[PDB]
Amino acid sequence: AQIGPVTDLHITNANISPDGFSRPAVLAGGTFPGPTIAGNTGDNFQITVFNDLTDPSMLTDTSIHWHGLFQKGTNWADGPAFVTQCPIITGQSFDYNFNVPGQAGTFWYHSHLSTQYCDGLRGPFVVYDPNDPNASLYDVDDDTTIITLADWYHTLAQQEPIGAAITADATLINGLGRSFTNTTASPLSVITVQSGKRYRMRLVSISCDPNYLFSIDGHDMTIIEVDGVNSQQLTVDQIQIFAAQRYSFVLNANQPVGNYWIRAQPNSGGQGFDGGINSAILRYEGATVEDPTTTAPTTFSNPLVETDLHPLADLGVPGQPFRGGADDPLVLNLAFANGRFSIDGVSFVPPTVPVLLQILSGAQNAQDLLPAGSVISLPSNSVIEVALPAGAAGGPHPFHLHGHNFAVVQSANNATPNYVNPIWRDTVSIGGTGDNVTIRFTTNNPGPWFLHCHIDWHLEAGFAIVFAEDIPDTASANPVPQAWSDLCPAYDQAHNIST
Ligand SMILES: *[C@@H]1O[C@H](CO)[C@@H](O[C@@H]2O[C@H](CO)[C@@H](O)[C@H](O)[C@H]2NC(C)=O)[C@H](O)[C@H]1NC(C)=O
Ligand SMILES: *[C@@H]1O[C@H](CO)[C@@H](O[C@@H]2O[C@H](CO)[C@@H](O)[C@H](O)[C@H]2NC(C)=O)[C@H](O)[C@H]1NC(C)=O
Ligand SMILES: [Cu+2]
Ligand SMILES: [Cu+2]
Ligand SMILES: [Cu+2]
Ligand SMILES: [Cu+2]
Ligand code: NA
């Protein structure tokens, strides 16, 4: 069952064996992935998060981010530790009480402390639209049509060297999959469809690192949503999905009744499908209960290319139709050396006082804010352009901005900008050497918004900055509840920190 929009959510430690290898984890709702949190557009969500964690090897503090929800007027509920709150300590709880005006689509939630989400605290978050403009394109859209793609590690996150090329031990599809080494024939996930029906498949990358080449043997996929933004219909036979991205696609169950492989090939770790790694099963009602015998093609003739995507609505692009044609045009220098990433010469290290609390206490320009050099102020009601030229090791880097989505004016692997009708999204691959992926948005949401690579190992190694958007209006726009004001005293008391 789905839970929400008003629910408790317990965060616990437990052993799990999603690929047949047992290890301890950090879990929401006792499962991997966590339960789906759902509601309708415009609903009030009140997710009371109970921190019941006791195992220090995966951290006993926690904080949860609602990925892709704008949090307008509720910056305090966004979740990134040391940016919008101090962590929740064990044996305490915290009500994330916010609203989702003007958004409907496929989202997710995850720990936003250190690399803790890798250890298991990740699940889907869906905001349905009762008047969805795409409703007539499918028959079925429910918890059974959500498809999660996850990387899974046998080594605990806090034992992963900072800045390393960290590699997973299994791909999990809907929580199940087989290990790349010492492969055992442990259970694969089954997605069941009825011949003739059309399904809104909600494809969610809950990855900590790899991107996946996702396809379904014998089937194509008609994309209708990108990171929460409705798209024009685009039919493809393969989707390359980067960490934290989401797509909805229509699956037409129009092939002969039978069993078909679902494939998710990561860019690192195990390559291919031997022993059923990187796989799940699409089963038609009435098919024999047996593994598929289908084959992938040698190449995919209609793969997703990001510049083919266009919004369903006339969203346009803010600003003027040329590079630098914005009120505040930025170019970030994105680098990696010696185990640490940097942005504009500064490697992100979380401050002791959360950025939002520094601003509410009166720090009112970005040079007064800590970490020094890691906070950039944005002016209010202005068009912002951010170029993100690639080249830093460990790519392709999927960059994500909190508090916003953005027009993708220039995509990976294509030097041509689009100032007319590019897709809008919230997490974008910045591509490869020589690319100049560029995003635009308007500043109508005061507060500190994190900008970072969503490969969680890279964030931990410093690949982040904070946009302090409209510092002067942050306090009036974001009144804070007492429980939020209580978090930093409680956390600092528990950890013997002075401030
Ligand atoms: C990416 O595009 C940005 C502009 O969006 C380019 O920025 C210019 O960089 C040159 C020096 O490289 C400066 O003279 C300009 O002031 C910058 N802003 C402009 C022209 O609007 C950036 O060079 C591009 N990077 C790559 C790798 O192509
Ligand atoms: C490279 O990106 C550009 C810009 O998004 C794409 O150019 C568009 O191509 C569409 C489809 O043919 C045309 O309708 C638009 O007028 C083009 N826009 C511009 C600004 O040129 C281009 O197709 C992409 N390249 C590849 C190989 O997909
Ligand atoms: Cu996220
Ligand atoms: Cu986010
Ligand atoms: Cu990265
Ligand atoms: Cu984040
Ligand atoms: Na415009």
# chains A, B, ... in the order shown; residues from 1 in each chain; ligands from 1
$ residues_around --residues "residue A:208" --least-positions-apart "4" --cutoff "12 Å" --atoms "only C-alpha atoms" --output "PDB file with N, CA, C and O atoms, in the first residue's frame"
ATOM      1  N   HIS A 110      14.929  10.456   0.056  1.00  0.00           N
ATOM      2  CA  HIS A 110      16.152   9.817   0.442  1.00  0.00           C
ATOM      3  C   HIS A 110      16.811  10.493   1.612  1.00  0.00           C
ATOM      4  O   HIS A 110      16.659  11.703   1.797  1.00  0.00           O
ATOM      5  N   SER A 111      17.590   9.725   2.373  1.00  0.00           N
ATOM      6  CA  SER A 111      18.502  10.388   3.314  1.00  0.00           C
ATOM      7  C   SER A 111      19.333  11.424   2.625  1.00  0.00           C
ATOM      8  O   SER A 111      19.857  11.203   1.522  1.00  0.00           O
ATOM      9  N   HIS A 112      19.528  12.568   3.256  1.00  0.00           N
ATOM     10  CA  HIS A 112      20.418  13.629   2.781  1.00  0.00           C
ATOM     11  C   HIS A 112      21.437  14.006   3.846  1.00  0.00           C
ATOM     12  O   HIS A 112      21.798  15.188   4.000  1.00  0.00           O
ATOM     13  N   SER A 114      25.322  12.744   4.666  1.00  0.00           N
ATOM     14  CA  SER A 114      26.499  11.958   4.244  1.00  0.00           C
ATOM     15  C   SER A 114      26.105  11.047   3.074  1.00  0.00           C
ATOM     16  O   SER A 114      25.302  11.472   2.194  1.00  0.00           O
ATOM     17  N   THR A 115      26.550   9.807   3.073  1.00  0.00           N
ATOM     18  CA  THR A 115      26.227   8.796   2.053  1.00  0.00           C
ATOM     19  C   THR A 115      25.199   7.786   2.550  1.00  0.00           C
ATOM     20  O   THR A 115      25.077   6.692   2.067  1.00  0.00           O
ATOM     21  N   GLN A 116      24.438   8.220   3.563  1.00  0.00           N
ATOM     22  CA  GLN A 116      23.501   7.316   4.237  1.00  0.00           C
ATOM     23  C   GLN A 116      22.422   6.743   3.325  1.00  0.00           C
ATOM     24  O   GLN A 116      21.936   5.618   3.502  1.00  0.00           O
ATOM     25  N   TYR A 117      22.003   7.515   2.297  1.00  0.00           N
ATOM     26  CA  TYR A 117      20.951   6.908   1.421  1.00  0.00           C
ATOM     27  C   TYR A 117      21.432   5.645   0.683  1.00  0.00           C
ATOM     28  O   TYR A 117      20.644   4.768   0.367  1.00  0.00           O
ATOM     29  N   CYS A 118      22.762   5.556   0.472  1.00  0.00           N
ATOM     30  CA  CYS A 118      23.317   4.356  -0.172  1.00  0.00           C
ATOM     31  C   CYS A 118      23.017   3.121   0.672  1.00  0.00           C
ATOM     32  O   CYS A 118      22.758   2.041   0.158  1.00  0.00           O
ATOM     33  N   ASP A 119      23.050   3.312   2.003  1.00  0.00           N
ATOM     34  CA  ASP A 119      22.817   2.206   2.954  1.00  0.00           C
ATOM     35  C   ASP A 119      21.375   1.828   3.067  1.00  0.00           C
ATOM     36  O   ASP A 119      21.036   0.857   3.787  1.00  0.00           O
ATOM     37  N   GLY A 120      20.438   2.476   2.341  1.00  0.00           N
ATOM     38  CA  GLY A 120      19.110   1.967   2.108  1.00  0.00           C
ATOM     39  C   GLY A 120      17.906   2.902   2.205  1.00  0.00           C
ATOM     40  O   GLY A 120      16.793   2.504   1.855  1.00  0.00           O
ATOM     41  N   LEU A 121      18.139   4.127   2.688  1.00  0.00           N
ATOM     42  CA  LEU A 121      17.053   5.042   2.966  1.00  0.00           C
ATOM     43  C   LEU A 121      16.678   5.802   1.683  1.00  0.00           C
ATOM     44  O   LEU A 121      17.172   6.928   1.401  1.00  0.00           O
ATOM     45  N   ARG A 122      15.827   5.162   0.879  1.00  0.00           N
ATOM     46  CA  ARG A 122      15.444   5.666  -0.469  1.00  0.00           C
ATOM     47  C   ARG A 122      14.092   5.039  -0.798  1.00  0.00           C
ATOM     48  O   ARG A 122      13.915   3.811  -0.586  1.00  0.00           O
ATOM     49  N   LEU A 149      15.118   1.723  -9.955  1.00  0.00           N
ATOM     50  CA  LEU A 149      16.441   1.198 -10.324  1.00  0.00           C
ATOM     51  C   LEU A 149      17.430   1.647  -9.243  1.00  0.00           C
ATOM     52  O   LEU A 149      17.535   2.830  -8.944  1.00  0.00           O
ATOM     53  N   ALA A 150      18.151   0.685  -8.659  1.00  0.00           N
ATOM     54  CA  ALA A 150      19.044   0.961  -7.527  1.00  0.00           C
ATOM     55  C   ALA A 150      20.350   0.211  -7.669  1.00  0.00           C
ATOM     56  O   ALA A 150      20.389  -0.984  -8.048  1.00  0.00           O
ATOM     57  N   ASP A 151      21.438   0.853  -7.287  1.00  0.00           N
ATOM     58  CA  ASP A 151      22.722   0.269  -6.999  1.00  0.00           C
ATOM     59  C   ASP A 151      22.780  -0.261  -5.572  1.00  0.00           C
ATOM     60  O   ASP A 151      22.253   0.393  -4.663  1.00  0.00           O
ATOM     61  N   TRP A 152      23.467  -1.405  -5.372  1.00  0.00           N
ATOM     62  CA  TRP A 152      23.506  -2.009  -4.026  1.00  0.00           C
ATOM     63  C   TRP A 152      24.926  -2.469  -3.806  1.00  0.00           C
ATOM     64  O   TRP A 152      25.562  -3.039  -4.700  1.00  0.00           O
ATOM     65  N   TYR A 153      25.414  -2.175  -2.598  1.00  0.00           N
ATOM     66  CA  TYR A 153      26.802  -2.416  -2.195  1.00  0.00           C
ATOM     67  C   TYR A 153      26.866  -3.389  -1.022  1.00  0.00           C
ATOM     68  O   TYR A 153      26.063  -3.340  -0.105  1.00  0.00           O
ATOM     69  N   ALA A 157      28.489   2.077   3.462  1.00  0.00           N
ATOM     70  CA  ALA A 157      28.880   3.379   2.880  1.00  0.00           C
ATOM     71  C   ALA A 157      29.998   4.040   3.631  1.00  0.00           C
ATOM     72  O   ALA A 157      30.853   4.667   2.993  1.00  0.00           O
ATOM     73  N   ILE A 166      33.988   4.177  -6.658  1.00  0.00           N
ATOM     74  CA  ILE A 166      33.316   3.208  -5.814  1.00  0.00           C
ATOM     75  C   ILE A 166      32.378   2.405  -6.733  1.00  0.00           C
ATOM     76  O   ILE A 166      31.617   3.052  -7.533  1.00  0.00           O
ATOM     77  N   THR A 167      32.400   1.046  -6.622  1.00  0.00           N
ATOM     78  CA  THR A 167      31.595   0.251  -7.571  1.00  0.00           C
ATOM     79  C   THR A 167      30.661  -0.664  -6.856  1.00  0.00           C
ATOM     80  O   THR A 167      30.948  -1.200  -5.787  1.00  0.00           O
ATOM     81  N   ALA A 168      29.461  -0.816  -7.407  1.00  0.00           N
ATOM     82  CA  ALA A 168      28.401  -1.578  -6.754  1.00  0.00           C
ATOM     83  C   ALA A 168      28.575  -3.109  -6.915  1.00  0.00           C
ATOM     84  O   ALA A 168      29.377  -3.562  -7.803  1.00  0.00           O
ATOM     85  N   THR A 171      22.763  -4.673  -9.256  1.00  0.00           N
ATOM     86  CA  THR A 171      21.605  -3.831  -9.684  1.00  0.00           C
ATOM     87  C   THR A 171      20.330  -4.399  -9.155  1.00  0.00           C
ATOM     88  O   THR A 171      20.058  -5.608  -9.385  1.00  0.00           O
ATOM     89  N   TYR A 212      21.875   4.023 -15.816  1.00  0.00           N
ATOM     90  CA  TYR A 212      21.417   2.749 -16.372  1.00  0.00           C
ATOM     91  C   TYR A 212      20.900   2.917 -17.796  1.00  0.00           C
ATOM     92  O   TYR A 212      20.163   3.852 -18.103  1.00  0.00           O
ATOM     93  N   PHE A 242      20.042   8.759 -15.530  1.00  0.00           N
ATOM     94  CA  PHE A 242      21.124   9.125 -14.588  1.00  0.00           C
ATOM     95  C   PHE A 242      20.571   9.169 -13.189  1.00  0.00           C
ATOM     96  O   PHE A 242      19.367   9.267 -12.962  1.00  0.00           O
ATOM     97  N   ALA A 243      21.525   9.159 -12.242  1.00  0.00           N
ATOM     98  CA  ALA A 243      21.111   9.079 -10.812  1.00  0.00           C
ATOM     99  C   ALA A 243      20.130  10.190 -10.474  1.00  0.00           C
ATOM    100  O   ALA A 243      20.376  11.363 -10.786  1.00  0.00           O
ATOM    101  N   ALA A 244      19.010   9.831  -9.854  1.00  0.00           N
ATOM    102  CA  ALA A 244      17.997  10.726  -9.310  1.00  0.00           C
ATOM    103  C   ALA A 244      16.962  11.187 -10.336  1.00  0.00           C
ATOM    104  O   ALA A 244      15.968  11.868  -9.900  1.00  0.00           O
ATOM    105  N   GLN A 245      17.139  10.860 -11.611  1.00  0.00           N
ATOM    106  CA  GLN A 245      16.155  11.263 -12.620  1.00  0.00           C
ATOM    107  C   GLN A 245      14.932  10.372 -12.555  1.00  0.00           C
ATOM    108  O   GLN A 245      14.958   9.251 -12.008  1.00  0.00           O
ATOM    109  N   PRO A 266      24.151  -0.914 -15.830  1.00  0.00           N
ATOM    110  CA  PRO A 266      24.872   0.228 -15.273  1.00  0.00           C
ATOM    111  C   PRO A 266      26.139   0.581 -16.043  1.00  0.00           C
ATOM    112  O   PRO A 266      26.710  -0.286 -16.747  1.00  0.00           O
ATOM    113  N   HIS A 397      28.555  13.443 -14.792  1.00  0.00           N
ATOM    114  CA  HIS A 397      28.005  13.922 -13.514  1.00  0.00           C
ATOM    115  C   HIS A 397      26.576  14.415 -13.668  1.00  0.00           C
ATOM    116  O   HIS A 397      26.347  15.341 -14.440  1.00  0.00           O
ATOM    117  N   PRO A 398      25.623  13.822 -12.907  1.00  0.00           N
ATOM    118  CA  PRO A 398      24.231  14.301 -12.958  1.00  0.00           C
ATOM    119  C   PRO A 398      24.031  15.392 -11.934  1.00  0.00           C
ATOM    120  O   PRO A 398      23.838  15.120 -10.733  1.00  0.00           O
ATOM    121  N   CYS A 453      26.434  17.482  -7.666  1.00  0.00           N
ATOM    122  CA  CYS A 453      26.411  16.191  -8.354  1.00  0.00           C
ATOM    123  C   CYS A 453      25.610  15.220  -7.506  1.00  0.00           C
ATOM    124  O   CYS A 453      25.795  15.109  -6.294  1.00  0.00           O
ATOM    125  N   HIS A 454      24.706  14.467  -8.168  1.00  0.00           N
ATOM    126  CA  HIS A 454      23.863  13.520  -7.441  1.00  0.00           C
ATOM    127  C   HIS A 454      24.470  12.128  -7.413  1.00  0.00           C
ATOM    128  O   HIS A 454      23.791  11.161  -6.957  1.00  0.00           O
ATOM    129  N   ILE A 455      25.739  11.936  -7.827  1.00  0.00           N
ATOM    130  CA  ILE A 455      26.507  10.736  -7.444  1.00  0.00           C
ATOM    131  C   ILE A 455      26.910  11.013  -5.980  1.00  0.00           C
ATOM    132  O   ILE A 455      27.678  11.952  -5.688  1.00  0.00           O
ATOM    133  N   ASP A 456      26.276  10.264  -5.052  1.00  0.00           N
ATOM    134  CA  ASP A 456      26.395  10.624  -3.654  1.00  0.00           C
ATOM    135  C   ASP A 456      27.811  10.574  -3.148  1.00  0.00           C
ATOM    136  O   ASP A 456      28.213  11.375  -2.280  1.00  0.00           O
ATOM    137  N   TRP A 457      28.655   9.712  -3.720  1.00  0.00           N
ATOM    138  CA  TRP A 457      30.065   9.641  -3.360  1.00  0.00           C
ATOM    139  C   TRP A 457      30.778  10.928  -3.739  1.00  0.00           C
ATOM    140  O   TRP A 457      31.694  11.389  -3.058  1.00  0.00           O
ATOM    141  N   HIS A 458      30.343  11.593  -4.843  1.00  0.00           N
ATOM    142  CA  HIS A 458      30.939  12.851  -5.266  1.00  0.00           C
ATOM    143  C   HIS A 458      30.535  14.012  -4.386  1.00  0.00           C
ATOM    144  O   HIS A 458      31.307  14.916  -4.118  1.00  0.00           O
ATOM    145  N   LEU A 459      29.239  14.041  -4.070  1.00  0.00           N
ATOM    146  CA  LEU A 459      28.781  15.048  -3.061  1.00  0.00           C
ATOM    147  C   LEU A 459      29.603  14.954  -1.758  1.00  0.00           C
ATOM    148  O   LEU A 459      30.056  15.967  -1.267  1.00  0.00           O
ATOM    149  N   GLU A 460      29.834  13.742  -1.314  1.00  0.00           N
ATOM    150  CA  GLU A 460      30.598  13.544  -0.061  1.00  0.00           C
ATOM    151  C   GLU A 460      32.001  14.037  -0.218  1.00  0.00           C
ATOM    152  O   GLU A 460      32.570  14.520   0.757  1.00  0.00           O
TER     153      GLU A 460
END
$ residues_around --residues "stretch 479-489 of chain A" --least-positions-apart "6" --cutoff "8 Å" --atoms "only C-alpha atoms" --output "ChimeraX atom specification"
/A:73-74,76,85-88,94-95,353
$ closest_residue --among "A:408, A:386, A:104, A:11" --to "residue A:333" --atoms "only C-alpha atoms"
A:386
$ closest_residue --among "A:433, A:84, A:158, A:13" --to "ligand 4" --atoms "only C-alpha atoms and all ligand atoms"
A:84
$ closest_residue --among "A:363, A:47, A:305, A:346" --to "residue A:414" --atoms "only C-alpha atoms"
A:305
$ atom_distance --atom1 "atom CA of residue A:297" --atom2 "atom CA of residue A:219"
11.6 Å
$ closest_atom_pairs --of "chain A" --to "ligand 5" --cutoff "12 Å" --atoms "only C-alpha atoms and all ligand atoms" --output "JSON lines"
{"residue": "A:163", "atom": "CA", "partner": "ligand 5", "partner_atom_place_in_ligand_line": "1 (Cu)", "distance": 9.9}
{"residue": "A:164", "atom": "CA", "partner": "ligand 5", "partner_atom_place_in_ligand_line": "1 (Cu)", "distance": 11.2}
{"residue": "A:165", "atom": "CA", "partner": "ligand 5", "partner_atom_place_in_ligand_line": "1 (Cu)", "distance": 10.4}
{"residue": "A:166", "atom": "CA", "partner": "ligand 5", "partner_atom_place_in_ligand_line": "1 (Cu)", "distance": 11.6}
{"residue": "A:208", "atom": "CA", "partner": "ligand 5", "partner_atom_place_in_ligand_line": "1 (Cu)", "distance": 10.1}
{"residue": "A:209", "atom": "CA", "partner": "ligand 5", "partner_atom_place_in_ligand_line": "1 (Cu)", "distance": 7.9}
{"residue": "A:210", "atom": "CA", "partner": "ligand 5", "partner_atom_place_in_ligand_line": "1 (Cu)", "distance": 10.0}
{"residue": "A:211", "atom": "CA", "partner": "ligand 5", "partner_atom_place_in_ligand_line": "1 (Cu)", "distance": 11.1}
{"residue": "A:242", "atom": "CA", "partner": "ligand 5", "partner_atom_place_in_ligand_line": "1 (Cu)", "distance": 10.7}
{"residue": "A:243", "atom": "CA", "partner": "ligand 5", "partner_atom_place_in_ligand_line": "1 (Cu)", "distance": 9.7}
{"residue": "A:334", "atom": "CA", "partner": "ligand 5", "partner_atom_place_in_ligand_line": "1 (Cu)", "distance": 9.9}
{"residue": "A:335", "atom": "CA", "partner": "ligand 5", "partner_atom_place_in_ligand_line": "1 (Cu)", "distance": 10.1}
{"residue": "A:336", "atom": "CA", "partner": "ligand 5", "partner_atom_place_in_ligand_line": "1 (Cu)", "distance": 9.5}
{"residue": "A:340", "atom": "CA", "partner": "ligand 5", "partner_atom_place_in_ligand_line": "1 (Cu)", "distance": 10.9}
{"residue": "A:341", "atom": "CA", "partner": "ligand 5", "partner_atom_place_in_ligand_line": "1 (Cu)", "distance": 8.5}
{"residue": "A:342", "atom": "CA", "partner": "ligand 5", "partner_atom_place_in_ligand_line": "1 (Cu)", "distance": 10.7}
{"residue": "A:343", "atom": "CA", "partner": "ligand 5", "partner_atom_place_in_ligand_line": "1 (Cu)", "distance": 11.7}
{"residue": "A:388", "atom": "CA", "partner": "ligand 5", "partner_atom_place_in_ligand_line": "1 (Cu)", "distance": 11.9}
{"residue": "A:390", "atom": "CA", "partner": "ligand 5", "partner_atom_place_in_ligand_line": "1 (Cu)", "distance": 10.1}
{"residue": "A:391", "atom": "CA", "partner": "ligand 5", "partner_atom_place_in_ligand_line": "1 (Cu)", "distance": 10.7}
{"residue": "A:392", "atom": "CA", "partner": "ligand 5", "partner_atom_place_in_ligand_line": "1 (Cu)", "distance": 8.2}
{"residue": "A:393", "atom": "CA", "partner": "ligand 5", "partner_atom_place_in_ligand_line": "1 (Cu)", "distance": 8.0}
{"residue": "A:394", "atom": "CA", "partner": "ligand 5", "partner_atom_place_in_ligand_line": "1 (Cu)", "distance": 6.0}
{"residue": "A:395", "atom": "CA", "partner": "ligand 5", "partner_atom_place_in_ligand_line": "1 (Cu)", "distance": 5.8}
{"residue": "A:396", "atom": "CA", "partner": "ligand 5", "partner_atom_place_in_ligand_line": "1 (Cu)", "distance": 6.7}
{"residue": "A:397", "atom": "CA", "partner": "ligand 5", "partner_atom_place_in_ligand_line": "1 (Cu)", "distance": 4.0}
{"residue": "A:398", "atom": "CA", "partner": "ligand 5", "partner_atom_place_in_ligand_line": "1 (Cu)", "distance": 6.3}
{"residue": "A:399", "atom": "CA", "partner": "ligand 5", "partner_atom_place_in_ligand_line": "1 (Cu)", "distance": 7.5}
{"residue": "A:400", "atom": "CA", "partner": "ligand 5", "partner_atom_place_in_ligand_line": "1 (Cu)", "distance": 10.4}
{"residue": "A:427", "atom": "CA", "partner": "ligand 5", "partner_atom_place_in_ligand_line": "1 (Cu)", "distance": 11.8}
{"residue": "A:428", "atom": "CA", "partner": "ligand 5", "partner_atom_place_in_ligand_line": "1 (Cu)", "distance": 11.1}
{"residue": "A:429", "atom": "CA", "partner": "ligand 5", "partner_atom_place_in_ligand_line": "1 (Cu)", "distance": 9.3}
{"residue": "A:430", "atom": "CA", "partner": "ligand 5", "partner_atom_place_in_ligand_line": "1 (Cu)", "distance": 9.3}
{"residue": "A:431", "atom": "CA", "partner": "ligand 5", "partner_atom_place_in_ligand_line": "1 (Cu)", "distance": 10.7}
{"residue": "A:432", "atom": "CA", "partner": "ligand 5", "partner_atom_place_in_ligand_line": "1 (Cu)", "distance": 11.7}
{"residue": "A:451", "atom": "CA", "partner": "ligand 5", "partner_atom_place_in_ligand_line": "1 (Cu)", "distance": 11.7}
{"residue": "A:452", "atom": "CA", "partner": "ligand 5", "partner_atom_place_in_ligand_line": "1 (Cu)", "distance": 8.1}
{"residue": "A:453", "atom": "CA", "partner": "ligand 5", "partner_atom_place_in_ligand_line": "1 (Cu)", "distance": 4.7}
{"residue": "A:454", "atom": "CA", "partner": "ligand 5", "partner_atom_place_in_ligand_line": "1 (Cu)", "distance": 6.4}
{"residue": "A:455", "atom": "CA", "partner": "ligand 5", "partner_atom_place_in_ligand_line": "1 (Cu)", "distance": 4.9}
{"residue": "A:456", "atom": "CA", "partner": "ligand 5", "partner_atom_place_in_ligand_line": "1 (Cu)", "distance": 7.7}
{"residue": "A:457", "atom": "CA", "partner": "ligand 5", "partner_atom_place_in_ligand_line": "1 (Cu)", "distance": 7.6}
{"residue": "A:458", "atom": "CA", "partner": "ligand 5", "partner_atom_place_in_ligand_line": "1 (Cu)", "distance": 4.9}
{"residue": "A:459", "atom": "CA", "partner": "ligand 5", "partner_atom_place_in_ligand_line": "1 (Cu)", "distance": 7.2}
{"residue": "A:460", "atom": "CA", "partner": "ligand 5", "partner_atom_place_in_ligand_line": "1 (Cu)", "distance": 10.0}
{"residue": "A:461", "atom": "CA", "partner": "ligand 5", "partner_atom_place_in_ligand_line": "1 (Cu)", "distance": 9.3}
{"residue": "A:462", "atom": "CA", "partner": "ligand 5", "partner_atom_place_in_ligand_line": "1 (Cu)", "distance": 9.7}
{"residue": "A:463", "atom": "CA", "partner": "ligand 5", "partner_atom_place_in_ligand_line": "1 (Cu)", "distance": 6.9}
{"residue": "A:464", "atom": "CA", "partner": "ligand 5", "partner_atom_place_in_ligand_line": "1 (Cu)", "distance": 9.6}
$ residues_near_ligand --ligand "ligand 7" --cutoff "6 Å" --atoms "only C-alpha atoms and all ligand atoms" --output "list in words"
residues 316, 317, 318 and 319 of chain A
$ residues_near_ligand --ligand "ligand 1" --cutoff "12 Å" --atoms "only C-alpha atoms and all ligand atoms" --output "VMD selection string"
chain A and resid 320 to 334 384 to 392 409 to 417 430 to 440
$ closest_residue --among "A:124, A:34, A:446, A:133" --to "residue A:9" --atoms "only C-alpha atoms"
A:34
$ select_by_dssp --residues "stretch 9-137 of chain A" --states "strand (DSSP E)" --output "JSON, numbers by chain"
{"A": [9, 10, 11, 12, 13, 14, 15, 16, 23, 24, 25, 26, 27, 28, 37, 38, 39, 40, 44, 45, 46, 47, 48, 49, 50, 51, 64, 65, 66, 67, 93, 94, 95, 96, 97, 98, 99, 105, 106, 107, 108, 109, 110, 111, 122, 123, 124, 125, 126, 127, 128]}
$ residues_around --residues "residue A:96" --least-positions-apart "2" --cutoff "9 Å" --atoms "only C-alpha atoms" --output "mmCIF file with C-alpha atoms, in the first residue's frame"
data_model
loop_
_atom_site.group_PDB
_atom_site.id
_atom_site.type_symbol
_atom_site.label_atom_id
_atom_site.label_comp_id
_atom_site.auth_asym_id
_atom_site.auth_seq_id
_atom_site.Cartn_x
_atom_site.Cartn_y
_atom_site.Cartn_z
ATOM 1 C CA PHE A 45 2.125 16.391 3.326
ATOM 2 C CA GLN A 46 2.983 15.824 6.961
ATOM 3 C CA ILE A 47 5.588 13.077 7.160
ATOM 4 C CA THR A 48 6.565 12.544 10.802
ATOM 5 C CA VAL A 49 9.946 10.909 10.591
ATOM 6 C CA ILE A 64 15.293 13.258 4.645
ATOM 7 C CA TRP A 76 13.313 24.353 6.534
ATOM 8 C CA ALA A 77 11.587 21.058 5.452
ATOM 9 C CA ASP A 78 13.841 20.430 2.379
ATOM 10 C CA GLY A 79 16.185 18.017 4.241
ATOM 11 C CA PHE A 94 10.364 15.488 13.253
ATOM 12 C CA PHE A 98 4.825 21.099 3.589
#
$ atom_distance --atom1 "atom CA of residue A:19" --atom2 "atom CA of residue A:146"
19.8 Å
$ atom_distance --atom1 "atom CA of residue A:237" --atom2 "atom CA of residue A:198"
16.2 Å
$ residues_near_ligand --ligand "ligand 4" --cutoff "8 Å" --atoms "only C-alpha atoms and all ligand atoms" --output "PyMOL selection string"
chain A and resi 65-69+78+400-403+426+450
$ closest_residue --among "A:366, A:127, A:264, A:376" --to "residue A:38" --atoms "only C-alpha atoms"
A:127
$ residues_around --residues "stretch 251-254 of chain A" --least-positions-apart "2" --cutoff "9 Å" --atoms "only C-alpha atoms" --output "short mmCIF file (atom, residue, chain, number, x, y, z; two decimals) with N, CA and C atoms, in the first residue's frame"
data_model
loop_
_atom_site.label_atom_id
_atom_site.label_comp_id
_atom_site.auth_asym_id
_atom_site.auth_seq_id
_atom_site.Cartn_x
_atom_site.Cartn_y
_atom_site.Cartn_z
N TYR A 138 -3.30 6.06 -21.01
CA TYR A 138 -3.11 4.80 -20.32
C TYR A 138 -4.30 4.46 -19.50
N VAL A 193 1.60 -7.53 -16.34
CA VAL A 193 0.72 -6.72 -17.19
C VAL A 193 -0.31 -7.63 -17.83
N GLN A 194 -1.44 -7.02 -18.20
CA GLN A 194 -2.56 -7.74 -18.90
C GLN A 194 -2.57 -7.36 -20.34
N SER A 195 -2.52 -8.37 -21.21
CA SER A 195 -2.55 -8.17 -22.65
C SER A 195 -3.69 -7.17 -23.09
N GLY A 196 -3.29 -6.19 -23.87
CA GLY A 196 -4.19 -5.14 -24.36
C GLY A 196 -4.23 -3.86 -23.53
N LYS A 197 -3.89 -3.91 -22.24
CA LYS A 197 -3.90 -2.68 -21.38
C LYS A 197 -2.59 -1.85 -21.55
N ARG A 198 -2.75 -0.57 -21.21
CA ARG A 198 -1.67 0.43 -21.33
C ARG A 198 -1.41 0.92 -19.91
N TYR A 199 -0.09 1.01 -19.62
CA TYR A 199 0.37 1.25 -18.25
C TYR A 199 1.23 2.54 -18.26
N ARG A 200 0.99 3.34 -17.23
CA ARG A 200 1.94 4.46 -16.93
C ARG A 200 3.05 3.95 -16.01
N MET A 201 4.13 3.55 -16.63
CA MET A 201 5.28 3.08 -15.87
C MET A 201 6.06 4.30 -15.34
N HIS A 219 9.49 -4.48 -26.52
CA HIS A 219 8.57 -3.41 -26.24
C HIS A 219 9.31 -2.09 -26.58
N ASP A 220 8.57 -1.08 -26.97
CA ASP A 220 9.05 0.28 -26.83
C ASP A 220 8.26 1.04 -25.71
N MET A 221 8.68 2.28 -25.51
CA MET A 221 8.35 3.09 -24.33
C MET A 221 8.04 4.50 -24.79
N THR A 222 6.85 5.00 -24.43
CA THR A 222 6.47 6.34 -24.89
C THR A 222 6.53 7.33 -23.72
N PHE A 249 6.67 6.54 -18.66
CA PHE A 249 6.50 6.13 -20.05
C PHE A 249 5.27 5.24 -20.13
N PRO A 256 2.99 -10.72 -27.85
CA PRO A 256 2.34 -11.97 -27.48
C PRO A 256 2.42 -12.31 -25.99
N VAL A 257 1.39 -12.86 -25.39
CA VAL A 257 1.42 -13.26 -23.99
C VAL A 257 2.64 -14.15 -23.73
N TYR A 284 3.28 -11.34 -18.72
CA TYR A 284 1.86 -11.19 -19.06
C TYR A 284 0.98 -12.18 -18.30
#
